[PDB]
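Have a look at the structure below before the remarks.
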Amino acid sequence: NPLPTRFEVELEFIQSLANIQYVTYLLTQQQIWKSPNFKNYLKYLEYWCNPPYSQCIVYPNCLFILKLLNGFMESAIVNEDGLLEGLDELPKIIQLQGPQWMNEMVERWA
Amino acid sequence: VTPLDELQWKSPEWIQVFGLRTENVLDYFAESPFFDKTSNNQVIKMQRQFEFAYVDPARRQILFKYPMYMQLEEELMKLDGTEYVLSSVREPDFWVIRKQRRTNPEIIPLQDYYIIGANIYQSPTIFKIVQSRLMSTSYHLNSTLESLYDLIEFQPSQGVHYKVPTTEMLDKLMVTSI
Amino acid sequence: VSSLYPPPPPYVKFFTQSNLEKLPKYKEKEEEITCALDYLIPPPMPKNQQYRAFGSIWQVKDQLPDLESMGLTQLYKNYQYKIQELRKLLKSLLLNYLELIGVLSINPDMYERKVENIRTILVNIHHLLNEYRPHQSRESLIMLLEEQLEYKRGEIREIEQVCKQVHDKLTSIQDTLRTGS
Amino acid sequence: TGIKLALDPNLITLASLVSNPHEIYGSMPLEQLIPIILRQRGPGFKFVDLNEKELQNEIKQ
Amino acid sequence: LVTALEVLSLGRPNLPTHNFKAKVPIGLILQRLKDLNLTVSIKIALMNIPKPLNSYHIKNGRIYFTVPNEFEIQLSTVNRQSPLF
Amino acid sequence: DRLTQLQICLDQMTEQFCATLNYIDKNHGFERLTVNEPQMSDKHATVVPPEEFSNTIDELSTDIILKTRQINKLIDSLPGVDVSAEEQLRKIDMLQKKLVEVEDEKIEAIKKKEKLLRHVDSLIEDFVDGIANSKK
Amino acid sequence: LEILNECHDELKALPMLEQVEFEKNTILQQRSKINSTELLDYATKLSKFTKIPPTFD
């Protein structure tokens with residue numbers, strides 16, 4: 001029973017972004033959007049945009065959500081205290097437009 | 001710590017393996033933290049592994065529609081104490097299960113649990129609901145008050161007022177020219 | 001009694017401003033991790049070319065499995081041979097249904113082998129359709145290119161007919177100017 | 001491996017995703033295009049402040 | 001093929017976007033201003049002109065009806081069949 | 001889409017086998033092996049007239065045969081049966097080259113259209129300023 | 001004058017030169033990004049996921 005690999009763990013996490021109940025759960029925790037670690041991780045996960053990494057993406061709306069979440073990251077500013085400013089209204093956006101986004105991607109499914 | 005009255009619980013491993021219907025809400029609920037391990041339901045489950053008064057017509061309909069719950073009630077009449085009974089059902093997906101103490105039958109109810117799409121919620125107290133809403137109202141009102149008082153400047157020459165941040169003839173032209 | 005969703009990967013703790021600022025000088029100079037900045041590099045593709053995700057096995061270049069490899073019987077295996085085999089399989093399915101009705105009409109106790117034959121005929125039909133599926137996909141890509149070409153040529157035709165309408169309307173105003181001259 | 005493909009990504013459906021700045025603006029009539037022109041040229045920008053000379057020495061940049 | 005093309009072209013499937021993740025072409029602005037000059041000039045040809053209003057300056061998306069040392073009023077039309085504004 | 005209709009037709013046609021077996025198992029009756037033996041039935045069995053029973057059997061069989069006909073015709077009209085993947089790629093590359101060529105054809109067609117555009121632009125502007133100077 | 005006005009705007013309702021050059025540039029940019037066999041492999045990967053299986057109700 002092998003140990004997990006970085007490719008497989010990062011693939012599962014990047015694909016979980018299609019589940020936007022899951023990113024609602026992630027972005028309703030105060031220690032995640034405030035941390036610049038998550039900002040830098042979501043900027044790092046842009047290697048799934050390009051092939052051969054993009055071939056393994058089974059749920060490409062995760063890539064859509066990844067680009068949408070990284071749209072706020074260049075407008076993010078980290079301060080000396082570690083508070084990632086400009087990110088207080090992102091959970092507002094996610095909780096307001098979550099049902100709408102998943103309804104639109106279900107319509108794209110149909 | 002997260003108190004039990006404030007969380008939604010589901011077991012989608014149990015949903016994928018067994019699947020939830022009306023016949024397995026009670027042992028689906030038995031895996032929840034809402035379930036008490038010292039309950040009469042679980043002890044008579046271990047025992048089985050080894051017209052009538054005292055119920056409202058809402059539970060009469062459930063009993064006369066589902067036979068296993070009449071079997072459960074008939075086995076629970078032999079014992080006294082804490083139990084979970086299923087009170088209201090909407091097919092295919094809505095249930096209500098109530099904590100209940102029974103004495104010999106004299107029944108008093110306790111906290112309830114509603115099931116919406118295999119996602120179990122504990123029925124909160126209406127005090128707790130309106131109290132949390134009024135905490136939010138009071139916090140937002142206090143923030144509004146403090147931010148408004150930050151905009152207040154006092155002068156003795158006038159009343160107390162707001163801090164100040166740091167052509168008349170054209171109609172006569174119109175009426176004379178027209 | 002834990003949370004519903006898994007947390008983000010622990011790799012998130014490595015992505016700091018200092019690590020990002022030391023990453024490009026590291027770039028100037030299933031992995032053998034040598035430092036903390038190796039997690040800031042995207043991981044390679046799987047060497048086995050199989051990866052696990054969501055409790056299942058996936059392959060980087062998936063291939064259609066065979067009946068023998070999955071433990072069933074493949075009767076028979078440039079697609080005209082497959083199309084005639086599909087016709088033969090359809091006719092055999094209809095004959096096997098008729099034979100099943102006969103066996104049920106005289107003795108419904110040897111129905112098991114006839115149901116098994118219908119079961120293997122049907123999976124053979126479905127597997128032949130799945131073998132033909134890449135060919136139909138490539139036909140769909142050809143159809144996409146042909147429909148793009150059709151729209152392009154329709155735009156050519158409408159642009160040139162607008163242009164020729166301009167030419168002959170200018171010829172009409174030239175003719176009426178000659179008449180009125 | 002194979003061969004590359006040249007495709008028009010704006011239309012994939014049989015009888016947009018690449019934002020062509022001329023297909024979305026040139027085709028539609030001018031009456032509801034002028035407010036978009038003014039807002040893109042500036043905040044609080046009026047129709048008066050346009051100039052062909054200004055456009056001609058701005059496009060050379 | 002639709003989702004394959006979207007992902008292998010933009011890195012994203014084509015979904016509606018409400019937040020940042022347009023642009024009006026300035027050459028199109030210049031062309032529309034030239035044909036708007038042509039539109040006001042194609043409109044004023046069909047209309048009679050007052051004798052003191054014969055001085056009209058024809059540039060910059062509009063027409064400048066001027067009376068010297070008195071006034072200069074600038075007007076634009078949207079199309080052929082709509083009156084001037 | 002054509003293989004999709006083929007898979008749909010196979011699933012529905014096997015469901016037609018299932019439904020035919022359902023009807024012939026549930027809606028049959030009782031018949032005489034001999035005339036001497038008694039004949040009787042209950043309320044729990046769907047007794048039907050034998051002539052319309054045979055009519056429904058016949059129309060179920062015609063539905064099975066007709067579905068087989070649609071499946072056979074759909075197999076015959078599956079898209080692409082004689083070309084191999086090499087001819088598919090030899091179509092793919094000429095299709096992309098013709099797409100590029102017709103896009104270039106559009107480039108010169110639009111060049112001719114813009115030539116006509118500025119030609120009629122010059123014509124109408126000369127006409128309007130000439131007639132304006134004449135009317136002035 | 002009005003018939004050449006109508007001629008002018010029915011010619012002007014056609015796509016422009018910079019527009020068709022941008023379309024040509026986009027088509028040529030798809031050449032470097034889009035591969036036929038990678039396209040077909042990724043699309044047959046996404047076949048069972050991105051749409052409803054058209055067999056169920």
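By order in the structure tokens, chains are A, B, ...; within a chain, residues start at 1; ligands start at 1, following the order shown.
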Which of range 13-139 of chain C DSSP labels helix (DSSP H, G or I), written as an MDAnalysis selection string
chainID C and resid 13:14 17:28 36:40 80:106 111:139
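For chain E, a DSSP pass over the backbone yields strand (DSSP E or B) at residues 56, 57, 58, 59, 62, 63, 64, 65, 66, 67, 71, 72, 73, 74 and 75 of chain E.
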Distance query residue 77 in chain A at most 7 Å, only C-alpha atoms, self and fewer than 6 positions along chain excluded, as a list in words:
residues 84, 85 and 86 of chain A
Export, as a short mmCIF file (atom, residue, chain, number, x, y, z; two decimals), in the first residue's frame, the selected residues with N, CA and C atoms.
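Listing of again_35.cif after writing:
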```cif
data_model
loop_
_atom_site.label_atom_id
_atom_site.label_comp_id
_atom_site.auth_asym_id
_atom_site.auth_seq_id
_atom_site.Cartn_x
_atom_site.Cartn_y
_atom_site.Cartn_z
N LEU A 84 -4.24 39.04 4.81
CA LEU A 84 -4.28 39.22 3.36
C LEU A 84 -5.46 40.12 3.04
N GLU A 85 -5.19 41.42 2.90
CA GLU A 85 -6.25 42.40 2.71
C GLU A 85 -6.86 42.28 1.31
N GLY A 86 -8.07 42.82 1.18
CA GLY A 86 -8.85 42.67 -0.03
C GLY A 86 -9.60 41.36 -0.14
#
```
Residues at most 12 Å from residue 3 in chain B, counting only C-alpha atoms, excluding those fewer than 2 positions away in the same chain, as an mmCIF file with N, CA, C and O atoms, in the first residue's frame?
```cif
data_model
loop_
_atom_site.group_PDB
_atom_site.id
_atom_site.type_symbol
_atom_site.label_atom_id
_atom_site.label_comp_id
_atom_site.auth_asym_id
_atom_site.auth_seq_id
_atom_site.Cartn_x
_atom_site.Cartn_y
_atom_site.Cartn_z
ATOM 1 N N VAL B 1 -14.652 23.936 20.654
ATOM 2 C CA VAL B 1 -15.588 22.822 20.579
ATOM 3 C C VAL B 1 -16.896 23.284 19.921
ATOM 4 O O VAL B 1 -17.377 24.390 20.175
ATOM 5 N N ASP B 5 -26.028 21.153 18.904
ATOM 6 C CA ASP B 5 -27.226 21.801 18.381
ATOM 7 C C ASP B 5 -26.946 22.713 17.192
ATOM 8 O O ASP B 5 -27.853 23.422 16.749
ATOM 9 N N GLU B 6 -25.732 22.684 16.642
ATOM 10 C CA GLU B 6 -25.291 23.726 15.725
ATOM 11 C C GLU B 6 -24.586 23.137 14.504
ATOM 12 O O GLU B 6 -23.957 23.881 13.743
ATOM 13 N N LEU B 7 -24.694 21.832 14.273
ATOM 14 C CA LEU B 7 -23.971 21.169 13.200
ATOM 15 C C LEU B 7 -24.920 20.318 12.367
ATOM 16 O O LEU B 7 -25.918 19.798 12.872
ATOM 17 N N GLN B 8 -24.599 20.188 11.083
ATOM 18 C CA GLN B 8 -25.301 19.280 10.189
ATOM 19 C C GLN B 8 -24.441 18.045 9.954
ATOM 20 O O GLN B 8 -23.233 18.157 9.719
ATOM 21 N N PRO B 33 -23.686 11.648 15.971
ATOM 22 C CA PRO B 33 -23.405 12.011 17.370
ATOM 23 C C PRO B 33 -24.646 12.411 18.148
ATOM 24 O O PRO B 33 -24.587 12.483 19.382
ATOM 25 N N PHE B 34 -25.757 12.688 17.461
ATOM 26 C CA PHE B 34 -27.024 12.951 18.131
ATOM 27 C C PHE B 34 -27.527 11.724 18.880
ATOM 28 O O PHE B 34 -28.219 11.857 19.897
ATOM 29 N N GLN B 122 -30.138 18.843 14.367
ATOM 30 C CA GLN B 122 -30.786 18.856 15.671
ATOM 31 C C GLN B 122 -31.634 20.112 15.791
ATOM 32 O O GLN B 122 -31.154 21.216 15.520
ATOM 33 N N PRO B 124 -33.020 23.181 17.090
ATOM 34 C CA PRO B 124 -32.553 24.132 18.096
ATOM 35 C C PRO B 124 -33.723 24.749 18.840
ATOM 36 O O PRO B 124 -34.873 24.705 18.400
ATOM 37 N N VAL C 1 -16.397 11.738 15.035
ATOM 38 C CA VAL C 1 -17.099 12.993 14.810
ATOM 39 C C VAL C 1 -16.105 14.053 14.347
ATOM 40 O O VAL C 1 -15.582 14.824 15.150
#
```
Could you work out which residues of chain G fall inside 7 Å of chain F? Count only C-alpha atoms, and format the result as a CSV table (one decimal) with N, CA, C and O atoms, in the first residue's frame.
```
chain,number,residue,atom,x,y,z
G,8,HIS,N,-24.5,52.0,-48.8
G,8,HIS,CA,-23.4,52.1,-47.9
G,8,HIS,C,-23.6,51.4,-46.6
G,8,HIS,O,-22.7,50.7,-46.1
G,16,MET,N,-15.2,43.6,-40.4
G,16,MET,CA,-14.1,44.5,-40.8
G,16,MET,C,-12.8,43.8,-41.0
G,16,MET,O,-12.6,42.6,-40.7
G,17,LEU,N,-11.8,44.5,-41.5
G,17,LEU,CA,-10.5,44.0,-41.9
G,17,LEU,C,-9.7,43.6,-40.7
G,17,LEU,O,-9.1,42.5,-40.6
G,20,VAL,N,-11.3,40.4,-39.2
G,20,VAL,CA,-11.0,39.1,-39.9
G,20,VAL,C,-9.5,38.7,-39.7
G,20,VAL,O,-9.2,37.6,-39.7
G,21,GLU,N,-8.7,39.8,-39.6
G,21,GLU,CA,-7.2,39.5,-39.3
G,21,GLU,C,-7.1,38.9,-37.9
G,21,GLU,O,-6.2,38.1,-37.7
G,24,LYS,N,-8.1,35.4,-38.1
G,24,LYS,CA,-7.0,34.6,-38.7
G,24,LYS,C,-5.9,34.3,-37.7
G,24,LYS,O,-5.3,33.2,-37.6
G,55,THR,N,-28.7,7.6,-21.6
G,55,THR,CA,-29.2,6.3,-21.6
G,55,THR,C,-30.3,6.2,-20.4
G,55,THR,O,-31.3,5.5,-20.5
```
Which residues are near residue 101 in chain B? Cut-off 9 Å, only C-alpha atoms, ignore same chain within fewer than 2 positions. Put them as a list in words.
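Near residue 101 in chain B, the qualifying residues are residues 80, 81, 82, 83, 84, 99, 103, 106, 107, 108, 109 and 110 of chain B.
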Skipping near chain neighbours, those fewer than 4 positions away, what residues fall within 12 Å of residue 6 in chain E using only C-alpha atoms, listed as a VMD selection string?
(chain A and resid 49 54 60 to 61 63 to 64) or (chain D and resid 7 to 13 16 to 18) or (chain E and resid 1 to 2 10 to 15) or (chain G and resid 30 33 to 34 39 42 to 43)
Residue contacts of residue 33 in chain D (12 Å, only C-alpha atoms) excluding same-chain residues fewer than 3 positions away, as number ranges by chain:
D: 24-30, 36-40; E: 24, 28-29, 32, 78
Would you mind reading off the distance between CA of residue 55 in chain E and CA of residue 173 in chain B, one decimal, in Å?
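Distance reported for this atom pair: 26.5 Å.
Straight-line separation from CA of residue 26 in chain E to CA of residue 58 in chain D: 8.5 Å.
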Nearest residue to residue 31 in chain D from the set E:64, E:36, E:47, E:22 (distances using only C-alpha atoms)
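When distances to residue 31 in chain D are compared using only C-alpha atoms, the smallest one comes from E:36.
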Set the cut-off to 9 Å and count only C-alpha atoms: what are the residues of chain A that reach chain E? Output as a list in words.
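Here they are: residues 48, 49, 50, 51, 54, 55, 60, 61, 62, 63, 64, 65, 67, 68, 69, 70, 71, 72, 101, 104, 105 and 108 of chain A.
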Name the closest residue to residue 23 in chain D among the candidates E:31, E:67, E:25, E:38; distances are taken between atoms, counting only C-alpha atoms.
E:25
CA of residue 156 in chain C to CA of residue 39 in chain E, straight-line distance in Å
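Between CA of residue 39 in chain E and CA of residue 156 in chain C the gap works out to 27.8 Å.
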For chain C, which residue out of A:1, A:40, A:19, A:28 is the nearest one, using only C-alpha atoms?
A:40
